[PDB]
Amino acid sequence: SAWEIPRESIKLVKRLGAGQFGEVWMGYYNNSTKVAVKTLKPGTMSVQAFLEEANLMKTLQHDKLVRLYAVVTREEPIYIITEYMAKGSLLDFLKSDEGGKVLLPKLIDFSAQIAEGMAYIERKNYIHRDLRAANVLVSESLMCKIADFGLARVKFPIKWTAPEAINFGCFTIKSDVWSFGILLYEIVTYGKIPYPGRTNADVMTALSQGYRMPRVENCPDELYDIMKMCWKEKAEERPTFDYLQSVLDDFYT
């Protein structure tokens, strides 16, 4: 409760997204600092549960993770206040015309930035569980930060979820690596959806047969190798994020 602040020192301006659990707004703190405000629509979700995301964020702080600044909990609609990212999700950015212009070099940069943030998560013995392009935000400076920690721990995105997780509820840091490989596919394709023209049900079935997404026309052999490292059936045999950052950094040069 040192993160509590008066509702008066927050003005909402533009709505960014609208979910069933509420909305997200760009706003200002004390008229000076622009911020993002996550709104809890009461009824759809319990207060205590909605806040556990923020509670988790007090613990986790890193430059590749979206920083919590404050919260508003005393009155009817509840706010969570974070740093604002000018370009929205990595998915919004890549799909936008500006992101279309961006070419492989920077895509690798984005890749590595994310691996770095995740290397922090593994260092700190956590798991994200919902790691994908929609939950990575982008600043005006073109920096990437991991945003939504709703499912993070000390509904699940089926097409980003590892086979052992789906089959045995076994979510671990290695499951997040799987997801990262899938994130790579999102990046290299400029925001396209994984397993194109397939249902979640299809994918679950296909993964039991040992399916893996074949290489994309763009994706270089040596990057595809990195993706394929992440997608090894046995979780133990997948790399660490530390290692992924390295190889992604050295690919650059």
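Start at 1 with the first residue shown and count on from there.
Enquirer: Looking at the deposited sequence, how many residues between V154 and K155 were given no coordinates in the entry: none, 1 to 3, 4 to 9, or 10 or more?
Expert: Unmodelled stretch: 10 or more residues.
Enquirer: Name the higher of the two by mean Cα B-factor in the PDB entry, 180-188 versus 194-202.
Expert: Per the deposited B-factors, the answer is 194-202.
Enquirer: Report the stretch with the higher mean CA temperature factor, choosing between 105-113 and 69-77 on the basis of the entry.
Expert: Higher of the two, by average CA B-factor, is 69-77.
Enquirer: C-alpha B factor of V24, ranked within the chain: lowest, middle or highest third?
Expert: Middle third, going by the recorded CA B-factors of the chain.
Enquirer: Test of reading the entry: by CA B factor among the chain's modelled residues, which third contains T240?
Expert: Ranked within chain, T240 CA B lands in the lowest tercile.
Enquirer: Please place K234 in the lowest, middle or highest third of its chain by C-alpha B factor as given in the entry.
Expert: Middle third, going by the recorded CA B-factors of the chain.
Enquirer: Compared with the other modelled residues in the chain, in which third is the CA B-factor of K41?
Expert: Within its chain, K41 is a highest-third residue by C-alpha B-factor, going by the deposited values.
Enquirer: Could you place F149 in the lowest, middle or highest third of its chain by Cα temperature factor, using the values in the record?
Expert: Highest third - that is where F149 ends up once the chain's C-alpha B-factors are sorted.
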